[PDB]
Amino acid sequence: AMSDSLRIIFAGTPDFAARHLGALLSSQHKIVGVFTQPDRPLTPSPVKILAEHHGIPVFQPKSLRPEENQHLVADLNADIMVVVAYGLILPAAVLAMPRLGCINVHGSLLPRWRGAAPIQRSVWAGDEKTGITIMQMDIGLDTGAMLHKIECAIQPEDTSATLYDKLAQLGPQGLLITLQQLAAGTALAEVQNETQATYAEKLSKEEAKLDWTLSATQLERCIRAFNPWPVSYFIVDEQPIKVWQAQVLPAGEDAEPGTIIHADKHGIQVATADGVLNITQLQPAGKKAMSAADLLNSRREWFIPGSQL
Ligand code: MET
């Protein structure tokens, strides 16, 4: 039996959003206009490039709050607005306009990881599963009712980069399914449970410094979560050394956090609060990322056992 076609305004900025606009362009839905952030140092956003390529009208208001930028929305005559990593706020007046409202594709399984960095934070906290949630947008920050969710396992080697890639494929599927339910009137909205809510904070160069008072397993999560950016690091001999890969080894003899337990071709083993961090792939400033073997060959003195970082 026949599905239905909606007129849609799409609002998004980054690659994650462009992959959603791509699925929409391939669907039977009608994309009447695309909102995206103003060009920044000047570069057009991936969404803009994709929209222009397909000849869709692009709109780049600095703000949607001022009352007559709101006519941009009203004149497009849309059933719904789809919002993916747009980056500007939708005031109540705009949320109010589309016949079916505004929905958002969010990069976690809500209520968990509301906010700026849900993909990175889910890796960082060692969640077994993450996912995407299709949400009916409302006043608050990622507080809206949940229309649809799809799960994704976080694998042992998943970084923020590889998980981003998985969720960019999953999100468009969830969005398409949800659009069909909203067009047919079959959707079900689930209120978020506020006690399960957590916030996902942006990463910082400050936080990327390896903290030896955490457990080995937490640090290894950090190394994956902080890849591609900021990239976990530690300091030795007044030099920053980026850490790309590590492993988590069983607690041995007691030792003070930060102590080098062993250094060899195997890795560089560092004591933590709980268990041992074996650091297997490292990046000195100005050099290509290399094995422990490579770095120890050049700089053994940095890693003499019993020394503390
Ligand atoms: C880009 S507007 C929505 C922001 C919100 N943190 C979300 O991605 O769900």
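Using the authors' numbering, the letters of the sequence shown correspond one by one to residues 0 to 40, 47 to 314. Backbone N, C-alpha and C define an ideal beta-carbon position, used for all residues, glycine too.
- Message: Pull the bridge partners of residue 246 from the DSSP assignment, please.
- Response: Along the sequence shown, read from residue 1 onward, the residue named residue 246 stands at position 241. Residue 246 is bridged to 239 and 289.
- Message: Using only the alpha-carbon positions, how far apart do residue 322 and residue 112 sit?
- Response: Residue 322 cannot be examined here, being either before or after the span of the chain that is shown, 0 to 314.
- Message: My assumption, with CB atoms under 8 Å, is that residue 196 sits in contact with residue 159. Please give the rounded CB distance.
- Response: Walking along the sequence shown from the start, residue 196 turns up at place 191. Walking along the sequence shown from the start, residue 159 turns up at place 154. Going by Cβ atoms, the distance from residue 196 to residue 159 rounds to 26 Å, so no, they are not a contact pair.
- Message: Output needed for residue 156: all residues of its chain with C-beta closer than 8 Å, excluding positions within five of it in sequence on either side, in chain order.
- Response: For the purposes of this step, residue 156 is identified with residue 151 of the sequence shown, where counting begins at 1. So the qualifying residues of the chain are 114, 134, 135 and 136.
- If you run the structure through DSSP and keep just helix, strand and coil, what is residue 301? To locate residue 301, count along the sequence shown from 1; it is residue 296. Helix.
- Runs of beta strand (DSSP E) wholly within the stretch 120 to 206 (minimum 3 residues, chain order): 134 to 141 and 151 to 158
- What does DSSP give as the partner residues of residue 267 in its beta bridges? For the purposes of this step, residue 267 is taken as the residue at position 262 of the sequence shown. Per DSSP, 274.
- In this structure, what does DSSP give as the bridge partners for residue 86? Residue 86 sits at position 81 when you count from the first residue of the sequence shown. DSSP, once it has assigned bridges, lists 8 and 107 as partnering residue 86.
- Query: Tell me which same chain residues have a C-beta within less than 8 Å of the C-beta of residue 33, skipping the five on either side of it?
  - Reply: For this step, residue 33 is matched to residue 34 along the sequence shown. Taken in chain order, the residues that qualify are 8, 9, 10, 11, 20, 52, 53, 56, 61, 62, 63 and 64.
- Message: Could you compute how far the alpha carbon of residue 260 sits from the alpha carbon of residue 276?
- Response: The residue you call residue 260 lines up with position 255 of the sequence shown. The residue you call residue 276 lines up with position 271 of the sequence shown. Answer to the nearest angstrom: the Cα atoms are 6 Å apart.
- Query: Candidates 224, 182 and 241: which alpha carbon is nearest residue 138's?
  - Reply: Along the sequence shown, one-based indexing puts residue 138 at 133. Of the candidates 224, 182 and 241, the one whose C-alpha sits nearest the C-alpha of residue 138 is 182.
- Once you ignore the five residues that flank residue 310 on each side, which residues in its own chain have a CB closer than 8 Å to its CB? To locate residue 310, count along the sequence shown from 1; it is residue 305. For residue 310, where only same-chain residues beyond five positions count, the Cβ hits under 8 Å are 265, 266, 267 and 268.
- Task: Quick one: residues with CB closer than 7 Å to any heavy atom of ligand 3, in chain order, please.
- Result: Summarising the ligand content, the structure contains ligand 1 and does not contain ligand 3.
- Tell me whether residue 223 sits in a helix, a strand or coil according to DSSP, three-state version. In the sequence shown, counting from the first residue as 1, residue 223 sits at position 218. If DSSP states are grouped into helix, strand and coil, residue 223 belongs with the helices.
- So what does DSSP say about residue 42, is it helix, strand or coil? Residues lacking coordinates in the chain include everything strictly between 40 and 47, among them residue 42.
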